[PDB]
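Heads up, the thing below is written out as structure tokens.
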Amino acid sequence: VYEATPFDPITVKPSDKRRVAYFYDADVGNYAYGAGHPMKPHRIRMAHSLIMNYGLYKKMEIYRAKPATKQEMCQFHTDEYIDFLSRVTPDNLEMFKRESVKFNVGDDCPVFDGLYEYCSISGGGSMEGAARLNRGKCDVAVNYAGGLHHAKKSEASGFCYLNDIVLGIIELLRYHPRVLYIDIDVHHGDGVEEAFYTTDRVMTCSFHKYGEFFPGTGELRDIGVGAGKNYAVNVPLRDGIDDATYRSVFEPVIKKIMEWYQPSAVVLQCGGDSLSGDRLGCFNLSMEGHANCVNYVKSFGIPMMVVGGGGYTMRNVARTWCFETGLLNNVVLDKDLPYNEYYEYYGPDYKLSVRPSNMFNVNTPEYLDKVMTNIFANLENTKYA
Amino acid sequence: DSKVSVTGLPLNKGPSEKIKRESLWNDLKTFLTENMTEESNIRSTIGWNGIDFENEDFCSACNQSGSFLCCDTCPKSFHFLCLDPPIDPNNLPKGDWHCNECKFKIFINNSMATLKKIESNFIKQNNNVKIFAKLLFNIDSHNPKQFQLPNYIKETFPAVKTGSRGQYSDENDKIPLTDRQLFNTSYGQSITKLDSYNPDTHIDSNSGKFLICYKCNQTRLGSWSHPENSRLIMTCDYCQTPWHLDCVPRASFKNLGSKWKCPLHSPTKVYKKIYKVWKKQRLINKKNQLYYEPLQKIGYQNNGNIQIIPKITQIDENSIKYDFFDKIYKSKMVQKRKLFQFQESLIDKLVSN
Amino acid sequence: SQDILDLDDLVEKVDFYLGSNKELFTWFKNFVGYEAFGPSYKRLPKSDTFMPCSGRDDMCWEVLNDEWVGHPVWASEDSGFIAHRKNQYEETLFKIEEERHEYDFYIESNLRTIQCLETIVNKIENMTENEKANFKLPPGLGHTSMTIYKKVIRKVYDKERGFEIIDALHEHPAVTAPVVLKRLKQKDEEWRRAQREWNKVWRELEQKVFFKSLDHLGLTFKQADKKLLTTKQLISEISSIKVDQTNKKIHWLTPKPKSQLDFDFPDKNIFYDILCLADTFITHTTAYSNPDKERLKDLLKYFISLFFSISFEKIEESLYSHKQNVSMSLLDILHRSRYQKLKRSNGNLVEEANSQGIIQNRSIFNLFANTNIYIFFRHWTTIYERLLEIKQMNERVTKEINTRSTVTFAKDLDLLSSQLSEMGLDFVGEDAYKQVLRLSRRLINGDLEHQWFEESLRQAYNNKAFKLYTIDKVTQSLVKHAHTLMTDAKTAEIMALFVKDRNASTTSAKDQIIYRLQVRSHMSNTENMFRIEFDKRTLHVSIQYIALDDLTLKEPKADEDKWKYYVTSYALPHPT
Amino acid sequence: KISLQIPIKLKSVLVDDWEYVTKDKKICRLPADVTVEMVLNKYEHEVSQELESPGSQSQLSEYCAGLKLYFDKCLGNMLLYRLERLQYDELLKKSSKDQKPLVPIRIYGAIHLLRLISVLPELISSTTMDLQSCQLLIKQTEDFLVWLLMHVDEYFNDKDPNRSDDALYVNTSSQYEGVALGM
Ligand SMILES: [K+]
Ligand SMILES: [Zn+2]
Ligand SMILES: [Zn+2]
Ligand SMILES: [Zn+2]
Ligand SMILES: [Zn+2]
Ligand SMILES: [Zn+2]
């Protein structure tokens, strides 16, 4: 079904106007995963920096979400897990040599400092965003600090500890019947897909890389059990995909879902590790090929949340999120960077663009036709809302 | 403060001359924020308040590494779970911990006369178990260990061989790449996934001809002045019919966990769903297996462990031809009879009206 | 057959056996009258789905998921998760931003704590002595984040002494506040000056590596053009198309596939460019002498003139006009004696088969060739393909370079690598293609070391013009191949018959058979034969392979023409 | 050197277990439906109903009780794979919290009894027992094996825990994995 269509530039939709909300806490940039770690909370600052030098503060309202407490966080995890997070510190780690192996928090995602505080900030942001949507003061909530979608119910796997996307979706589900979770990080969002695998009120659709790559999950045949048969859409792509192929796969699947699932609230996980040049990711996308998808989701005009995600090189991800926010506010942003405090990272051209490499594209069109054919054939049965 | 950081030197120090030589050629608006952020606590749940013998580095019970307690009286050490009963690391034994064997020795005081005496005592008490007596006495004197199958039963099957740590490995596991990680850091970008290099993967090595794709019958080799028409031929490990990664729709090179199997290997399980179980034995290899030729070749059913020839029950091609014709024609007959009874009940209920 | 396997499951397992044979498989289908299904999730028994889970209401119970679980070790087969390659320059670019993060992290933590310490000092100054006597500072210093200031203190104050001073701070504010505040300010100053003075070198270094570390399909390319261009590969591609066409011909519903290779030749100036390149190469080359130089120029010129039927004098005018902006028949050069002399001078069925087929005003032409002629033509069409790819990106790249808005805020601080503008290699807003050609001239001449060529082609063509990194080692190849057509007498005489045939203005099938047989006379049954069949109206070049018993021309469409070729093949008693 | 010749089908069942508690990471569901005591009581009851000699039935009941007590005392020491030990410890904790001292025979299934039998030759040949006594033990356990192979499909059937219920095995969570294997 896939048909090669070239890259049409991204443009602002004229009529779709909406009163958004930007959540930012002034402290989260201090944390820092110890030494050499691919994800770090410096890139949460740089983004905000640009939004404050481009002057988007006149275009939308920025808040700071009061943090989540233990009872509120424990809507998903088990008491023991949340508590062990709230207690651990690198001085008395030795006291915990049983739990620190049960819960996986000592090896790939170490314990550094402010851990509980950082996780609480992200969780509180996500929840207050869903709530303000829910209550309805706004129509969008960006939360570039949250988005920890690998954190399972009782183990923190993949550098992320508190799985705030699930809390946000629950607070969304308190009022809205059906919610659609669109994931475009290169890895597979196994946390959310698992934690809504046996339900029909939340439909998760993840475009990820398959092969010997973290976390080895997300085949095409995982399509939900129980009452939630045919309510999960995993799309396994192959290496080296470019912006044109990614758009040509994305657009029809999302249109088909929103034709048949008819969600009342969208949650879009806007990760940045699908970009060209990341330490972890292997795709070859640009800035335009990544903003195009968020533009497409916004086009329909549903109350939505945009959440952050990965990010392994703070330059690409910082500029990408500044561009995505600009796009969400019906403003095409000027391609020249103003003067900001972190002006030094963006060399050598000192521009707002991200450049793709000449890595070799592997996604053969026949492969895509077979995948989209299987997915449409499955989704033929979600026609009843 | 003088302690080196990631940069190579103290933090309050500029670059050395060696680095700057080999690395050279020769108001803002986020002052604000504490004025625009106003807290949000609009959430629904805001009501919620919220003699020096050196010990081992191995579990001599399971010969794998871990966090282990060591012995005060013999060099043998175990993980905290490998004891009977297993000991909690939170409440360690107050004082020296003595293994089963050394505790045994000090209980017997190195006097075998008391050994034979208490053996006679034990066999005197429970004459009820006069046979198992020796073992019932000795069980408390041997140090624990995991349970390894006796080799005389691992030999009954040839395709069952132990892994590195004493684990089941039934030859469906590819191999220990080991040195391939050094290979993974290839000097020339030619990594395992075989990206941008498929000239001589489309061509058999020994023979020299082309590897055809059973489903589309073309080794699509493209042209390495125009590589966008390759199609990544890969070959199975059992039957070796070469397939396209686009015919068997999977998109990855199975290279780490197991060996890949074509869609041309029949079952190895059933799940009848109306839900019965296996139809296949294991590989009861060697001389011990008995092959049995039937005396009747038309309605003998016997198993699903058939072996085809020109307790494993051999059979000929024409026999299975006949048996499948039997299935087909009995199925068409019973389907016709079901339609017949359906229509005849229909006619009975019509003529009743 | 023993009612062990389902009906539809059998249908699916048979589809993989009869899928490409649609008739047989639909015959089988109409003849027969036609839980963990995901391999990644297990199921936990309903004895572990009961955990504390404090704050779940009724809705969070019916909607969440507790039993069905899955994790990346049962999916990875206990061994997996391979990683990408990340070529060297990319990790050399990683280390820089790692050092950047270290510095900026420490600086910003110091700032965030020092400001709160300063406002607490502002609070304590205006108080009285009795109030500073009883003042205590609560954990958090009245702020929201409790652990960062302890971190900076323990970094600066010898963590044991860090604890000492932090507790003496919370309990003795009035005596410890100013000293620690002043020391934090001093450390911030020293760190900041060192940070900027190192920040100079960081940029100086990442400038010489960035583009070289974003464009690396182009370094798997210094070898994938010296090793994947040999004749083995060149014949292998086309023989593979041939074999696959044959083994799909047995698939009778598949139509007769097209000839092996097709080519289009739209842009004509590139031939002039290639002749100038070859001339410059040999002019620099010292492995041949002057007569051989002139022989080489002459062969390239006149073969390109004839095979493409391009008027020679127009070629000459265009070539000399090219030489302005920088400051004889083919047989006559074919035979050494001719070249040296000219250089020192300065039933009814057979008859009807033979009568029909003499095409009038020949427009479709042929070349027959043994291997080395294919390799010469192959190098030629490859080099043309590359140069055309560029001259097609030309306009867009010019419009790009013309609009590169230099931020003078950076150039005053010399933040941009003037290296390639210092030697002036950068592409002015004029024709970037002409600049590429002239640069290649300089490289062949050696006027610029190779690395400068590579970096110029990276920056001017941001990522897409890497294939020209070999533009030298390819031309040397082509020219060298040309020399064979002079020396191996066999190839010279085959090319001789080529001159004859392409020079013939009217011919039938019969004379074509004669051409085939006279050429196959020169090479034995060990050599192969391929037709380079030329179409001048469309300028399309179609290369066909030949199994040594195959026909001269592609198989006809009608039965009458098939009988005609059969009878004209029997008319010459050669084995049909 | 004594040798015990188990029927082939029970060797296949044992290897099937040996894979199940190895690289599929399942464990034995407990308390199973048919423990050791029910098995041996049924065996002895069925064999005493046919046997007429007194000494035959005396040695029968002696063998039963002896195998019972020795399984009871050895299970903890040498019948458990690495991955299972955690479940064992948790069972001890539960028993000592409920104040019922643990008996292996009334919880554990028959597969552990097959593990014991498969060991038995080494157990005997590591000792100084009488040749006639060890011989009668081999003959006896062989008759037990025969009676067990007559009913092999009452205990050792397969049920695929991941889909319906009450299979002889169950799956482990990642936390149980982490603690038991990688403590
Ligand atoms: K679901
Ligand atoms: Zn990620
Ligand atoms: Zn152990
Ligand atoms: Zn000891
Ligand atoms: Zn194929
Ligand atoms: Zn195969």
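Residue names in the structure tokens use chain letters A, B, ... in the order shown, residue numbers from 1 in each chain, and ligand numbers from 1 in the order shown.
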Cut-off 7 Å, only C-alpha atoms and all ligand atoms, neighbours of ligand 3 as a PyMOL selection string: (chain B and resi 59+61-64+78-79+81-82) or (chain D and resi 82)
The selected residues should be written to file as a JSON list (two decimals), in the first residue's frame (atoms: C-alpha atoms).
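As a result, result_21.json now contains:
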```json
[["chain", "number", "residue", "atom", "x", "y", "z"],
["B", 59, "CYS", "CA", 29.88, -20.94, 44.74],
["B", 61, "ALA", "CA", 27.68, -25.60, 44.99],
["B", 62, "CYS", "CA", 26.84, -23.99, 41.63],
["B", 63, "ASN", "CA", 30.31, -22.95, 40.31],
["B", 64, "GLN", "CA", 29.07, -19.52, 39.27],
["B", 78, "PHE", "CA", 28.43, -20.46, 48.75],
["B", 79, "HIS", "CA", 25.92, -17.90, 47.62],
["B", 81, "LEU", "CA", 20.74, -19.06, 48.78],
["B", 82, "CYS", "CA", 22.78, -22.23, 48.18],
["D", 82, "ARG", "CA", 19.75, -22.88, 40.86]]
```
Please identify every polymer residue within 9 Å of ligand 5, using only C-alpha atoms and all ligand atoms, and present the set as a compact mmCIF listing (two decimals) with N, CA, C and O atoms, in the first residue's frame.
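Now in part22.txt:
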```
# COMPACT_ATOMS: atom_id res chain seq x y z
N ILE B 212 19.39 -18.26 -5.31
CA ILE B 212 18.05 -17.88 -5.78
C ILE B 212 17.10 -17.77 -4.59
O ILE B 212 17.32 -18.37 -3.53
N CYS B 213 16.04 -16.99 -4.75
CA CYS B 213 15.03 -16.80 -3.72
C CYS B 213 13.80 -17.64 -4.03
O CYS B 213 13.10 -17.37 -5.01
N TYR B 214 13.52 -18.62 -3.17
CA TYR B 214 12.48 -19.60 -3.45
C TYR B 214 11.13 -18.97 -3.76
O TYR B 214 10.31 -19.60 -4.45
N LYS B 215 10.87 -17.76 -3.29
CA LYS B 215 9.54 -17.19 -3.44
C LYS B 215 9.41 -16.25 -4.62
O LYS B 215 8.30 -16.06 -5.13
N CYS B 216 10.51 -15.64 -5.08
CA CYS B 216 10.47 -14.78 -6.25
C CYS B 216 11.49 -15.15 -7.32
O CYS B 216 11.45 -14.56 -8.41
N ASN B 217 12.40 -16.08 -7.05
CA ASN B 217 13.26 -16.69 -8.06
C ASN B 217 14.17 -15.68 -8.75
O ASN B 217 14.41 -15.75 -9.96
N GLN B 218 14.72 -14.74 -7.98
CA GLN B 218 15.68 -13.78 -8.53
C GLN B 218 16.67 -13.41 -7.44
O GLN B 218 16.27 -12.87 -6.41
N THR B 219 17.95 -13.67 -7.67
CA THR B 219 18.98 -13.08 -6.82
C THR B 219 19.14 -11.62 -7.25
O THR B 219 19.88 -11.31 -8.18
N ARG B 220 18.45 -10.72 -6.56
CA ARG B 220 18.47 -9.32 -6.96
C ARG B 220 19.75 -8.69 -6.44
O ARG B 220 19.85 -8.34 -5.27
N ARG B 231 18.41 -6.79 -2.40
CA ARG B 231 17.27 -7.22 -1.61
C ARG B 231 17.64 -8.15 -0.45
O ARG B 231 16.74 -8.79 0.11
N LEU B 232 18.91 -8.25 -0.08
CA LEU B 232 19.32 -8.90 1.16
C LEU B 232 18.86 -10.37 1.21
O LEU B 232 17.97 -10.75 1.97
N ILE B 233 19.45 -11.16 0.32
CA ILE B 233 19.34 -12.61 0.41
C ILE B 233 19.97 -13.10 1.70
O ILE B 233 21.09 -12.69 2.04
N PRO B 242 17.68 -20.28 -0.09
CA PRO B 242 17.90 -18.86 0.21
C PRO B 242 16.65 -18.02 0.02
O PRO B 242 15.98 -18.07 -1.02
N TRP B 243 16.34 -17.22 1.03
CA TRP B 243 15.12 -16.43 1.07
C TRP B 243 15.44 -14.94 1.08
O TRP B 243 16.52 -14.51 1.51
N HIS B 244 14.47 -14.18 0.62
CA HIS B 244 14.51 -12.73 0.69
C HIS B 244 13.92 -12.24 2.00
O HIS B 244 12.88 -12.73 2.45
N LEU B 245 14.57 -11.25 2.60
CA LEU B 245 14.02 -10.63 3.79
C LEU B 245 12.70 -9.92 3.53
O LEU B 245 12.17 -9.30 4.45
N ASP B 246 12.18 -9.98 2.32
CA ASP B 246 10.91 -9.36 2.01
C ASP B 246 9.83 -10.37 1.67
O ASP B 246 8.67 -9.99 1.50
N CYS B 247 10.19 -11.65 1.55
CA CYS B 247 9.24 -12.73 1.33
C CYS B 247 8.79 -13.34 2.65
O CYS B 247 7.59 -13.47 2.90
N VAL B 248 9.74 -13.74 3.49
CA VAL B 248 9.47 -13.97 4.90
C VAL B 248 9.56 -12.61 5.57
O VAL B 248 10.66 -12.13 5.87
```
Kindly provide the residues of chain A that approach chain C to within 7 Å, each paired with its closest atom pair and their distance in Å to one decimal, based on only C-alpha atoms, listed by chain and increasing number, as JSON lines.
```
{"residue": "A:30", "atom": "CA", "partner": "C:109", "partner_atom": "CA", "distance": 6.1}
{"residue": "A:71", "atom": "CA", "partner": "C:55", "partner_atom": "CA", "distance": 5.7}
{"residue": "A:72", "atom": "CA", "partner": "C:55", "partner_atom": "CA", "distance": 6.7}
{"residue": "A:74", "atom": "CA", "partner": "C:55", "partner_atom": "CA", "distance": 5.6}
{"residue": "A:75", "atom": "CA", "partner": "C:55", "partner_atom": "CA", "distance": 4.8}
{"residue": "A:76", "atom": "CA", "partner": "C:53", "partner_atom": "CA", "distance": 6.9}
{"residue": "A:77", "atom": "CA", "partner": "C:53", "partner_atom": "CA", "distance": 6.2}
{"residue": "A:78", "atom": "CA", "partner": "C:53", "partner_atom": "CA", "distance": 4.4}
{"residue": "A:79", "atom": "CA", "partner": "C:53", "partner_atom": "CA", "distance": 5.5}
{"residue": "A:114", "atom": "CA", "partner": "C:147", "partner_atom": "CA", "distance": 6.3}
{"residue": "A:194", "atom": "CA", "partner": "C:69", "partner_atom": "CA", "distance": 6.8}
{"residue": "A:195", "atom": "CA", "partner": "C:65", "partner_atom": "CA", "distance": 5.1}
{"residue": "A:196", "atom": "CA", "partner": "C:64", "partner_atom": "CA", "distance": 5.8}
{"residue": "A:197", "atom": "CA", "partner": "C:65", "partner_atom": "CA", "distance": 6.5}
{"residue": "A:198", "atom": "CA", "partner": "C:65", "partner_atom": "CA", "distance": 5.7}
{"residue": "A:199", "atom": "CA", "partner": "C:63", "partner_atom": "CA", "distance": 5.6}
{"residue": "A:212", "atom": "CA", "partner": "C:81", "partner_atom": "CA", "distance": 4.9}
{"residue": "A:213", "atom": "CA", "partner": "C:81", "partner_atom": "CA", "distance": 4.7}
{"residue": "A:214", "atom": "CA", "partner": "C:81", "partner_atom": "CA", "distance": 5.8}
{"residue": "A:215", "atom": "CA", "partner": "C:72", "partner_atom": "CA", "distance": 5.1}
{"residue": "A:216", "atom": "CA", "partner": "C:75", "partner_atom": "CA", "distance": 5.7}
{"residue": "A:217", "atom": "CA", "partner": "C:75", "partner_atom": "CA", "distance": 6.2}
{"residue": "A:221", "atom": "CA", "partner": "C:38", "partner_atom": "CA", "distance": 5.1}
{"residue": "A:222", "atom": "CA", "partner": "C:38", "partner_atom": "CA", "distance": 4.5}
{"residue": "A:348", "atom": "CA", "partner": "C:207", "partner_atom": "CA", "distance": 6.2}
{"residue": "A:357", "atom": "CA", "partner": "C:215", "partner_atom": "CA", "distance": 5.7}
{"residue": "A:358", "atom": "CA", "partner": "C:217", "partner_atom": "CA", "distance": 6.0}
{"residue": "A:359", "atom": "CA", "partner": "C:217", "partner_atom": "CA", "distance": 6.0}
```
Take the residues that were just selected and, keeping N, CA and C atoms, output them as a compact mmCIF listing (two decimals), in the first residue's frame.
```txt
# COMPACT_ATOMS: atom_id res chain seq x y z
N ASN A 30 19.83 20.66 36.82
CA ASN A 30 21.02 20.57 37.67
C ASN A 30 21.46 19.13 37.90
N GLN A 71 1.85 8.89 47.34
CA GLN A 71 0.55 8.30 47.06
C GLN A 71 0.16 8.51 45.61
N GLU A 72 0.39 9.71 45.08
CA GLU A 72 0.01 9.98 43.70
C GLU A 72 0.87 9.21 42.72
N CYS A 74 2.17 6.31 43.33
CA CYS A 74 1.88 4.89 43.48
C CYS A 74 0.56 4.49 42.86
N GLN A 75 -0.05 5.32 42.02
CA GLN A 75 -1.16 4.85 41.21
C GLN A 75 -0.75 3.77 40.23
N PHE A 76 0.54 3.66 39.91
CA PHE A 76 1.02 2.66 38.97
C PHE A 76 1.97 1.67 39.62
N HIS A 77 3.05 2.14 40.22
CA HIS A 77 4.07 1.23 40.72
C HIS A 77 3.62 0.60 42.03
N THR A 78 4.39 -0.37 42.50
CA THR A 78 4.14 -0.99 43.79
C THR A 78 4.76 -0.14 44.89
N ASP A 79 4.12 -0.17 46.07
CA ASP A 79 4.64 0.57 47.22
C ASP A 79 6.14 0.38 47.39
N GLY A 114 19.20 13.48 43.84
CA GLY A 114 17.94 14.10 43.49
C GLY A 114 17.01 13.19 42.70
N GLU A 194 2.86 -2.43 27.48
CA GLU A 194 2.53 -3.43 28.48
C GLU A 194 1.39 -2.95 29.37
N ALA A 195 1.57 -1.80 30.02
CA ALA A 195 0.60 -1.39 31.03
C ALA A 195 -0.75 -0.99 30.45
N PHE A 196 -0.97 -1.13 29.15
CA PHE A 196 -2.33 -1.05 28.62
C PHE A 196 -2.58 -2.14 27.60
N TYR A 197 -1.96 -3.30 27.80
CA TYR A 197 -2.05 -4.38 26.82
C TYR A 197 -3.38 -5.11 26.92
N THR A 198 -3.96 -5.18 28.12
CA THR A 198 -5.19 -5.92 28.38
C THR A 198 -6.39 -5.01 28.55
N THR A 199 -6.44 -3.92 27.79
CA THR A 199 -7.55 -2.98 27.88
C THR A 199 -7.89 -2.46 26.49
N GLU A 212 18.31 -6.83 16.48
CA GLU A 212 19.00 -6.96 17.75
C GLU A 212 19.24 -5.58 18.31
N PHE A 213 18.22 -4.98 18.91
CA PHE A 213 18.33 -3.63 19.41
C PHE A 213 17.39 -3.49 20.60
N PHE A 214 17.79 -2.67 21.56
CA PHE A 214 17.01 -2.47 22.77
C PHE A 214 15.56 -2.14 22.42
N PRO A 215 14.57 -2.73 23.11
CA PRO A 215 14.65 -3.81 24.08
C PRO A 215 14.24 -5.16 23.50
N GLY A 216 14.51 -5.37 22.22
CA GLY A 216 14.21 -6.65 21.61
C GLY A 216 12.75 -7.04 21.56
N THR A 217 11.84 -6.13 21.92
CA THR A 217 10.42 -6.40 21.94
C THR A 217 9.79 -5.67 20.75
N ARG A 221 3.51 -9.14 15.51
CA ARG A 221 2.43 -10.01 15.96
C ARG A 221 1.96 -9.72 17.38
N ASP A 222 2.66 -8.88 18.13
CA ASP A 222 2.14 -8.47 19.43
C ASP A 222 1.00 -7.49 19.20
N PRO A 348 29.17 24.11 13.67
CA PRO A 348 29.91 25.31 13.28
C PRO A 348 29.05 26.38 12.61
N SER A 357 22.88 12.64 7.36
CA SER A 357 24.07 12.03 6.80
C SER A 357 23.70 11.21 5.57
N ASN A 358 24.72 10.68 4.89
CA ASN A 358 24.47 9.87 3.71
C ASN A 358 24.47 8.37 4.01
N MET A 359 24.02 7.98 5.19
CA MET A 359 23.82 6.57 5.50
C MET A 359 22.85 5.94 4.51
```
Residues of chain B within 6 Å of chain C, only C-alpha atoms counted, as a VMD selection string: chain B and resid 7 12 to 15 23 to 24 218 256 to 257 324 327
Contacts of residue A:174 at 10 Å (only C-alpha atoms; same-chain gap of 5+ positions) as a list in words: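 Within the cut-off, the hits are residues 130, 131, 134 and 169 of chain A; 44 of chain B; 59 and 60 of chain C.
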Shell around stretch 113-120 of chain D at 7 Å using only C-alpha atoms, local window under 3 positions removed, as number ranges by chain: B: 150; D: 79, 110, 123-124
Test item: residues no farther than 6 Å from ligand 2, counting only C-alpha atoms and all ligand atoms, as a list in words: residues 187, 273 and 310 of chain A
Include N, CA and C atoms and write out the residues we just selected as a short mmCIF file (atom, residue, chain, number, x, y, z; two decimals), in the first residue's frame.
```cif
data_model
loop_
_atom_site.label_atom_id
_atom_site.label_comp_id
_atom_site.auth_asym_id
_atom_site.auth_seq_id
_atom_site.Cartn_x
_atom_site.Cartn_y
_atom_site.Cartn_z
N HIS A 187 13.38 3.55 19.97
CA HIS A 187 13.15 2.32 20.70
C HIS A 187 11.66 2.03 20.80
N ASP A 273 15.73 10.93 20.05
CA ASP A 273 16.78 9.98 19.69
C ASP A 273 16.52 9.26 18.39
N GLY A 310 13.66 10.79 24.79
CA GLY A 310 15.05 10.43 24.79
C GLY A 310 15.93 11.66 24.69
#
```
Test item: residues lying within 6 Å of ligand 4 with only C-alpha atoms and all ligand atoms, as JSON, numbers by chain: {"B": [71, 73, 74, 98, 99, 101, 102]}
Expected answer as a list in words: chain D residues within 6 Å of chain B, only C-alpha atoms: residues 19, 22, 62, 66, 76, 77, 78, 79, 80, 81 and 82 of chain D
Shell around residue A:116 at 12 Å using only C-alpha atoms, local window under 2 positions removed, as a ChimeraX atom specification: /A:28,31,67-70,73,81-89,111-114,118-124,160-162 /C:145-147
Quick one: write out the picked residues with C-alpha atoms as a JSON list (two decimals), in the first residue's frame?
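Result saved to again36.json:
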```json
[["chain", "number", "residue", "atom", "x", "y", "z"],
["A", 28, "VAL", "CA", 15.66, 20.23, 36.66],
["A", 31, "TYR", "CA", 20.59, 16.76, 38.22],
["A", 67, "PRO", "CA", 5.61, 17.73, 42.23],
["A", 68, "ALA", "CA", 3.99, 14.34, 42.73],
["A", 69, "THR", "CA", 3.80, 12.80, 46.19],
["A", 70, "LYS", "CA", 4.26, 9.13, 47.01],
["A", 73, "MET", "CA", 3.01, 8.25, 42.12],
["A", 81, "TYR", "CA", 9.43, 0.20, 44.36],
["A", 82, "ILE", "CA", 8.39, 3.82, 44.87],
["A", 83, "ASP", "CA", 9.64, 3.69, 48.44],
["A", 84, "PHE", "CA", 13.02, 2.21, 47.55],
["A", 85, "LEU", "CA", 13.41, 5.01, 45.02],
["A", 86, "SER", "CA", 12.55, 7.59, 47.66],
["A", 87, "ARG", "CA", 15.14, 6.14, 50.04],
["A", 88, "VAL", "CA", 18.27, 5.18, 48.08],
["A", 89, "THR", "CA", 21.41, 7.32, 48.02],
["A", 111, "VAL", "CA", 21.45, 6.11, 41.40],
["A", 112, "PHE", "CA", 23.06, 9.53, 41.43],
["A", 113, "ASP", "CA", 21.28, 12.32, 43.37],
["A", 114, "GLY", "CA", 17.94, 14.10, 43.49],
["A", 118, "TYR", "CA", 13.78, 14.55, 39.46],
["A", 119, "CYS", "CA", 11.28, 11.74, 38.96],
["A", 120, "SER", "CA", 8.70, 13.53, 41.09],
["A", 121, "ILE", "CA", 9.02, 16.71, 39.03],
["A", 122, "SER", "CA", 8.49, 14.85, 35.77],
["A", 123, "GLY", "CA", 5.52, 12.93, 37.16],
["A", 124, "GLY", "CA", 3.84, 15.99, 38.63],
["A", 160, "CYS", "CA", 14.24, 6.01, 33.15],
["A", 161, "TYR", "CA", 12.72, 5.43, 36.57],
["A", 162, "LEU", "CA", 9.20, 6.84, 36.98],
["C", 145, "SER", "CA", 15.53, 21.61, 45.92],
["C", 146, "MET", "CA", 17.41, 20.22, 48.89],
["C", 147, "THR", "CA", 20.41, 18.30, 47.55]]
```
Site check for ligand 6: residues at most 8 Å away, only C-alpha atoms and all ligand atoms, as a compact mmCIF listing (two decimals) with N, CA and C atoms, in the first residue's frame:
```txt
# COMPACT_ATOMS: atom_id res chain seq x y z
N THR B 235 20.32 -17.05 3.88
CA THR B 235 20.10 -18.48 3.74
C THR B 235 19.77 -19.10 5.08
N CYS B 236 18.82 -20.03 5.09
CA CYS B 236 18.49 -20.76 6.30
C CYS B 236 19.70 -21.54 6.80
N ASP B 237 19.57 -22.08 8.01
CA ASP B 237 20.61 -22.90 8.59
C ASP B 237 20.32 -24.39 8.52
N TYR B 238 19.07 -24.78 8.30
CA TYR B 238 18.72 -26.20 8.19
C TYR B 238 18.66 -26.65 6.74
N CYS B 239 17.76 -26.06 5.95
CA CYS B 239 17.51 -26.54 4.59
C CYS B 239 18.32 -25.76 3.56
N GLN B 240 18.68 -24.52 3.87
CA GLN B 240 19.55 -23.64 3.08
C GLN B 240 18.91 -23.09 1.81
N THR B 241 17.62 -23.29 1.58
CA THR B 241 16.97 -22.57 0.49
C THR B 241 17.06 -21.07 0.78
N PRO B 242 17.68 -20.28 -0.09
CA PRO B 242 17.90 -18.86 0.21
C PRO B 242 16.65 -18.02 0.02
N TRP B 260 18.02 -19.44 12.28
CA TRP B 260 16.74 -19.15 11.65
C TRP B 260 16.23 -20.38 10.91
N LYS B 261 14.92 -20.60 10.97
CA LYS B 261 14.26 -21.72 10.31
C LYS B 261 13.27 -21.19 9.28
N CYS B 262 13.32 -21.73 8.07
CA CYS B 262 12.41 -21.33 7.01
C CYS B 262 10.97 -21.62 7.41
N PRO B 263 10.02 -21.13 6.65
CA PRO B 263 8.63 -21.58 6.82
C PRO B 263 8.39 -22.96 6.24
N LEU B 264 9.47 -23.71 5.98
CA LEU B 264 9.39 -25.03 5.35
C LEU B 264 9.82 -26.15 6.29
N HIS B 265 9.46 -26.06 7.57
CA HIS B 265 9.69 -27.14 8.52
C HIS B 265 8.43 -27.32 9.35
```
